[PDB]
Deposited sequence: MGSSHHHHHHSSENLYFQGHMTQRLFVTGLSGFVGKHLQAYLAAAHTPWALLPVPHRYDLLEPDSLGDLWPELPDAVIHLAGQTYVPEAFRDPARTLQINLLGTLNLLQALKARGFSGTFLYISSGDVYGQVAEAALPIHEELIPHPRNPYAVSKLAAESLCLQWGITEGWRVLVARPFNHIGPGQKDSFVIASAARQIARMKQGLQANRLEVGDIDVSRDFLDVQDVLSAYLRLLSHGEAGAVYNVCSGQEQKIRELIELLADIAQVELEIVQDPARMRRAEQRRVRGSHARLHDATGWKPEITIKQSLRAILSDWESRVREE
């Protein structure tokens, strides 16, 4: 009956993506059985990691870390400690326990930095040029994890996801903030006015569920030692997404000016991930935007 089951441990289960992954694994038919977390742990504290795996994971997805760019600029050392030294502490704890399975490190499409429009769509052979300490720490942790795969013989995979859309996303993202505010307009809690910065840029978006499905297909099919973009391959203009949110919400609003963005356009290539795994995006942008508006209605 069903799948040959494998034990999966996920760090960061309490964060934005983690909560969606736990729900995904509870509802879907998958070979991955999510291991329980025996107690709270801190990646900065090796003694808190010791007994996390009464049953040994066959695979690990490492989501946990300091994920806010302004916080990384505020305290770069702490972001490096959490994202790089924390990853090292996790790797060493897994090693001491006897782990030798699949380790999928979750990086970010932000490692690429400034990319010329002529180099679009971004592919994994483009040399990255991180522009903030968070992106620096992600690229450094990528290298570390892949070095561990070389040194220890583990199956190490790296994913570079681009823009995510989902309930629970950081309010500092313009699309998440726009949805929150529009849901407040629906309920008469704020005027039909949106104060924006530069929204005449395009970015590559995926629903969080398509991002999750890419990670699980990487666990099933990815090549040891390889880096994969996780992206839609489609540019969306921020302004058109805001207009579609208003349309879905049955609201009319004015967008009012609250410095131009450095990177005007971002399109990623997911050819490598699709060729290796069969993965394809399945959630439409309209469904993604409706989902975040609906989530906000029950919270505002």
Quickly check which stretches of the deposited sequence aren't in the model, judged by C-alpha, and list them in order. 1 to 17, 276 to 279, 322 to 324
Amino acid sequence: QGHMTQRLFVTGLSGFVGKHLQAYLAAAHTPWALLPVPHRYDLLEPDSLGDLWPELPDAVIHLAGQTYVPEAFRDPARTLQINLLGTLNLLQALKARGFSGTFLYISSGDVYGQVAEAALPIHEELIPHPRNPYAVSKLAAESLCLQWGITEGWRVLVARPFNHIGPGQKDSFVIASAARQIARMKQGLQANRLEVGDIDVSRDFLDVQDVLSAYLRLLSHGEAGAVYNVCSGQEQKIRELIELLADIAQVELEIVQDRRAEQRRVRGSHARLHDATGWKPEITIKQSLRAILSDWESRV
From here on, numbers count along this sequence of modelled residues.
Take the C-alpha B-factors listed in the entry for 55 to 63 and for 233 to 241, compute each mean, and give the stretch with the larger one. 233 to 241
Looking only at CA atoms, which has the higher mean B factor in the entry: 218 to 226 or 197 to 205? 197 to 205
Maximum C-alpha temperature factor, selected from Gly268, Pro70, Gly50, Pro36: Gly50
Test of reading the entry: by CA B factor among the chain's modelled residues, which third contains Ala135? lowest
Which third, lowest, middle or highest, does the C-alpha temperature factor of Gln187 belong to within its own chain? highest
Temperature factor at the Cα of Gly98, chain-ranked in thirds, falls in the lowest
Chain thirds of CA B-factor: placement of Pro121: highest
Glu152: C-alpha B-factor third of its chain, per the entry, is the middle
